[PDB]
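1. This is the structure alone, sequence omitted:
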């Protein structure tokens, strides 16, 4: 009937301290190693460290030693992970998991993580509101577009020729950069013959910063 | 003490069979037992195989594991592929002191034909360069399955500093799209003969190149 229930999602800012929790029910919390695992956006699982709640015996992965702090409060079956000073690069999902995985031949040893917490998404950003900077991307069929660069927060609207032009428009999902800001590109595919006799203008609106830019994209 | 390397992605049709390798970088793969975890989007991970080839209760016999000593690799095999098998799969092993996870392998259960990605690459605009900044824009679209690897090149040399890459996203037509950005100073852009965007999809690479001499 085992359950690892972690604390809620965190919206935090660089330089702030953070302490998230994992609470174990349905088993002897002092009888199992509890592990912490990181997973950054769109990336893989990295082991962070492990603790034996019975006596706070703690060990860290070398790639995390002294970067983070792991502890436990056995009286309430709760394990903790803790940063004294967050970086935006600490933005990730974090799981706790029970080291309950056994192999038959060994009645003492414990080798793998069997039960996992639900996860605690941690978002960290020092970015304040900022309007985008727009740049033109110049050209049987041709391609032209707009670079919408360095803005916060989402969303930002992009249209072409005040909305008149929809066919061949592909506005790409924005990239989230390590600076905390977003960028995206909008691209429209048009017949090359029209290049000389038709004007193409991208219209960018970003409400939070009241930014409104019109970029002509020329050959 | 080691790494576990898996393919970025694999795919097959419903009913067919597929295999994910996991290769140990250093020391024998048979030195320490391997686990395989399934992870669905949103969901937390679930053990599918442990102790090289054992199945946790409730894991269908379609899932199995093996060890290849000659290639120092572990493998997850899934036969009788069903659409719900679509997930990320991580191998996992032990150092005798530290837990090691594989990079992860996106498994796609095919629902439409494979589709090579269209790649469009744009150089810095004259206007952006005027601002003392420089951005290479590589737009990737219409690729299925939705898994790509993007490499940037200055001449021949790889570039990873100043690279921002999104995860793929579903387009309106059910295929996928992604974009990658390379940030340069105008001088870095001016002082190379060319820059290239490299998009690996299902084994083959698609490429586009721009140069500051137009």
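-> Noted; the coordinates are in hand. Numbering: from 1, shown residues only, chains lettered A, B, ... in the order given.

2. per the record, what domains does chain A have?
-> A:1-126, A:127-219 (curated CATH domains).

3. could these be laid out in CSV, adding mean neighbour count and distance to residue B:214?
-> Backbone N, C-alpha and C define where each C-beta goes, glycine included. Listed next are the domains of chain A as CSV, based on neighbours: other C-beta atoms under 10 Å in any protein chain shown; distance: least, C-beta to C-beta, whole Å:
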stretch, mean neighbour count, distance to residue B:214
domain A:1-126, 17, 35
domain A:127-219, 17, 11
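
4. got those as TSV, with distance to residue B:85 columns?
-> Formatted as TSV, the domains of chain A follow (distance: least, C-beta to C-beta, whole Å):
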stretch	distance to residue B:85
domain A:1-126	19
domain A:127-219	26
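
5. Can you list the strands that whichever strand or helix holds residue B:49 pairs with?
-> Applying DSSP states H and E as the criterion places residue B:49 in strand B:46-49. If you go by DSSP bridges, strand B:46-49 pairs up with strand B:35-39 (antiparallel).

6. Run the chain-centre distance for the strand it pairs with.
-> 16 Å (C-alpha atoms, centre = their mean, to the nearest Å).

7. check contacts around residue B:11.
-> B:18, B:107, B:108, B:109, B:110, B:114, B:145, B:202 (C-beta atoms under 8 Å, 6 or more residues apart in numbering or on different chains).

8. Now the phi/psi pair for it, please.
-> In terms of degrees, to the nearest 10, the main-chain angles of residue B:11 are phi -160, psi 150.

9. what's the answer for residue B:161, then?
-> Torsion angles, degrees, to the nearest 10, at residue B:161: phi -80, psi 120.

10. how many other residues sit next to it?
-> 9 (other C-beta atoms under 10 Å in any protein chain shown).

11. Might you report the residue contacts of it?
-> Residue B:161 sits in contact with no residue, where contact means C-beta under 8 Å, 6+ apart.

12. What separation is there between it and chain A?
-> 11 Å (C-beta to the nearest C-beta, to the nearest Å).

13. Who are the contact partners of residue A:122?
-> A:9, A:10, A:12, A:18, A:20, A:90, A:91, A:92, A:93, A:94.

14. Where does it sit: helix, strand or coil?
-> Look at residue A:122: counting by DSSP: H, G, I helix; E, B strand; the rest coil, its state is strand.

15. Could you tell me the phi and psi values at the residue of chain B most remote from its centre?
-> Note on chain B: the largest C-alpha distance from the chain mean falls to residue B:130, namely 36.1 Å (C-alpha atoms, centre = their mean). Dihedral angles of residue B:130 (phi, psi; degrees, to the nearest 10) stand at phi -60, psi -30.

16. Next, work out how far apart it and residue B:178 are.
-> Per C-beta to C-beta, to the nearest Å, residue B:130 is found 29 Å from residue B:178.
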